[PDB]
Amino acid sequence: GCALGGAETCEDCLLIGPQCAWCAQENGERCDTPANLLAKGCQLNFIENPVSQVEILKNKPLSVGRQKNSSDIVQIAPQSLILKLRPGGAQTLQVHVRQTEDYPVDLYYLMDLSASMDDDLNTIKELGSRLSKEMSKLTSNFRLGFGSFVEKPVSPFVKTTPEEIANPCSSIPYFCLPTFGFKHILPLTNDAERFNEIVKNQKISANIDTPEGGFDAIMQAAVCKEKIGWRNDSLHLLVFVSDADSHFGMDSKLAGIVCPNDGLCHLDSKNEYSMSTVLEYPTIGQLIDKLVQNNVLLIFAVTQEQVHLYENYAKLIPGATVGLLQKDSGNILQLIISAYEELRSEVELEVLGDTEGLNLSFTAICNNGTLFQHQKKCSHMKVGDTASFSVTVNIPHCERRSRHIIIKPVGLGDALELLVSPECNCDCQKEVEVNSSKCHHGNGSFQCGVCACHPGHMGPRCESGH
């Protein structure tokens, strides 16, 4: 089986097959099954056959029950592993996840403030207090922030007459503030009445084309960790509230903006997005990258007319969901609580790092050992239940560099650090014994029971010269 093409060097032998071994000396075709090599006469000490193995470095048990100290919370176990993979070999890791009963929650409320959201502002005047009262039944550490968006304030998305720049609703007439891209207004805080106050002080704006510029704001809300206020080791809920389509990517080319979004924080002194008129809208791909990297869960709270669009976006975005929002945000409190309860009743695995080129297979075991499914998600679980995952990992070719990888639940910071190290070299490879007697008086090197010839000498023992 393993005696096929090639197979004339120990390193070459390992490459073709995971279950191939290599013999040393005799008492050509030394590449075969370890049992066959013993049958041919190879001793157990001489047989050479590295095998994929897993080393457990950190495996603190999953924490049970509410924890009074944020440091004794353990939601993923094991925490660190070294996976030595033989080239072509496959290993299955068991990963266990359990959501702790009290976990902090950050919620950044990101709201469309174009002219159709005036009614919406009126009905959320006490959302801050109503919301943190409900969230206090579920977590003891709820913080909330606020931000607003409209549109890139440039032609052709706004009128550019003096009158319309000063007041984009001057034509109605109605009091609107100048069009703006993204205003970060309230960093995350436990002060719910402060949230109430800032909402009560907000005034609508306007612009002239239906799709809005909220994707700019999502990028900034996800990436501006310090200014937004995201804390480690909490949930990060970004609630996007709009009744409109979203501009993306090269839509900004109409406005002469043709420099791709750069994925960096650009909040200026006024805490406004300062590249609004300079950088393209983000692409979905760019948003995915930064939402995953900052561990931010996106909740699309959008009206009936937009749900199907944003559902299709959410399919592409890990951890994203969609709630159906009323024309006046009358139900936004119920949307948020529902989305939060869904998140607490689910566990979805995520794998980050140098994964390109790896084969991964996932099997999830839910409801203790009863249910097996070939997904990376367990659902309909009670908080405190444990979701287990089989994660099979395979490297197809041999490599030189180790891979640093992370396995974590979507939405949570608890991470399993995984080091994938190739094992495509034999033990005998490092004992060359150069110029050995066994290769026609030093015309080669005796490595693994075979002669590696010096230049200008060909043969099984390097016995002829050219």
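We number the residues from 1 along the sequence you see.
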{"query": "Unresolved deposited residues lying between neighbours residue 69 and residue 70", "finding": "none"}
{"query": "Mean Cα B-factor comparison, 363-371 or 76-84, giving the higher one as deposited", "finding": "363-371"}
{"query": "Higher-B stretch (mean Cα B-factor, as the entry records it), 378-386 or 106-114", "finding": "378-386"}
{"query": "Selection from 407, 412, 62, 439 [criterion: highest C-alpha temperature factor in the record]", "finding": "439"}
{"query": "Residue 91 - Cα temperature factor, lowest/middle/highest third of chain", "finding": "highest"}
{"query": "Where the record places residue 312 (Cα B-factor, split into thirds across the chain)", "finding": "lowest"}
{"query": "Residue 326 - Cα temperature factor, lowest/middle/highest third of chain", "finding": "lowest"}
{"query": "Third of the chain's Cα B-factor distribution that residue 184 belongs to, per the entry", "finding": "lowest"}
{"query": "Chain third (lowest, middle, highest) by recorded CA B-factor, residue given as residue 356", "finding": "highest"}
